[PDB]
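Input: a single structure, listed below in structure tokens.
Values quoted throughout were computed directly from the atomic coordinates according to the rules given, and no laboratory measurement underlies them. No Cβ is skipped: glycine too gets one built from the backbone with ideal geometry, and neighbour counts run over all protein chains shown.
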Amino acid sequence: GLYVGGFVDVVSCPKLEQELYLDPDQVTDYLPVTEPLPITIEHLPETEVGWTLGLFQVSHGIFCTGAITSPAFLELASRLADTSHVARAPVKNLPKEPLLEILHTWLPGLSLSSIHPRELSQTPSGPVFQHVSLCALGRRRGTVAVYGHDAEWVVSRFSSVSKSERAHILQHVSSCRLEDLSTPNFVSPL
Ligand SMILES: O=C(Nc1ccc(-c2nnn[nH]2)cc1OC1CCOCC1)c1cccc(CC2CCCCC2)n1
Ligand SMILES: O=C(Nc1ccc(-c2nnn[nH]2)cc1OC1CCOCC1)c1cccc(CC2CCCCC2)n1
């Protein structure tokens with residue numbers, strides 16, 4: 001399967017017209033989160049492609065690791081990786097891993113959806129986070145999402161994440177059997 005990793009922007013009301021970008025320090029008291037959250041595209045509920053495997057506060061931000069598990073999405077993305085000139089137009093020519101490159105380029109942003117900070121003052125009643133989205137627009141923080149077949153390879157691409165932080169992150173990513181997760185709701189047009 002495919003793993004995704006990166007630092008998140010923390011966003012409340014991601015779809016709404018008033019976009020709030022939270023400071024990490026407002027939500028770190030509610031991390032880590034090791035239970036799976038949906039991974040969608042641009043905060044659209046019907047575009048679930050995978051599940052988060054961990055959200056962790058690290059020295060230099062909030063790091064998310066996840067798996068892309070939708071077979072319909074994986075088949076579509078692989079076919080585009082090998083056959084779509086459009087998908088490959090903004091990628092360097094003739095990459096060895098076109099699928100990884102196309103996802104890295106077209107979906108570079110990871111946004112973590114949170115409740116309003118009004119609710120983070122004192123003590124929230126229900127879950128603080130709702131999902132993570134793969135995003136093309138709205139990126140504030142630096143660094144970009146990395147996609148790979150090997151979770152350890154993905155996390156090790158981030159120099160700002162230490163070997164100690166990487167090991168803590170990977171403890172939870174490997175313990176899960178991706179086959180055990182429910183099938184995301186993404187449907188391919190084809
Ligand atoms: O070729 C593309 N799409 C496409 C184009 C022809 C068809 C098609 N073939 N025959 N009939 N329709 C089916 C398509 O599927 C789309 C269905 C909905 O999710 C996106 C993909 C394309 C090109 C550049 C960038 C993107 C964006 C993706 C988002 C995730 C994966 C990496 C890039 N997509
Ligand atoms: O969801 C997407 N595409 C998509 C979604 C359902 C279908 C569909 N519905 N029924 N059959 N196919 C077919 C789709 O792709 C076609 C429609 C759009 O452009 C070409 C192909 C999507 C999202 C973000 C970025 C892009 C890549 C752009 C798209 C615009 C042209 C330049 C590149 N595509």
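The charge dipole of the chain, taken about its Cα centre with unit charges on the Cβ atoms of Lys, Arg (+1), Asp and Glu (-1) only, comes to about 520 debye. Annotation for segment 3-80: GluC sites (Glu not before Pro) lying in DSSP loop with at most 14 further Cβ atoms inside 10 Å of their Cβ are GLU17, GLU19.
For segment 84-190, run through the trypsin sites (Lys or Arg not before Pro) and keep only the ones in DSSP coil with at most 11 other Cβ atoms within 10 Å of their Cβ.
Here the trypsin sites (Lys or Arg not before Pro) that fit, given the DSSP loop and packing criteria, are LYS92, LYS96, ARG140, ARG177.
Relative contact order of segment 5-141, taken over Cα pairs closer than 8 Å and 6 or more residues apart, is 30 percent.
Here the chain carries DSSP beta bridges of which approximately 80% are antiparallel, counting only pairs with both residues inside. Applying both filters, DSSP loop and at most 14 other Cβ atoms within 10 Å, to the chymotrypsin sites (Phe, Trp or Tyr not before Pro) of segment 1-85 eliminates every site. From the alpha carbon centroid of segment 160-177 to that of segment 33-67 is 14 Å.
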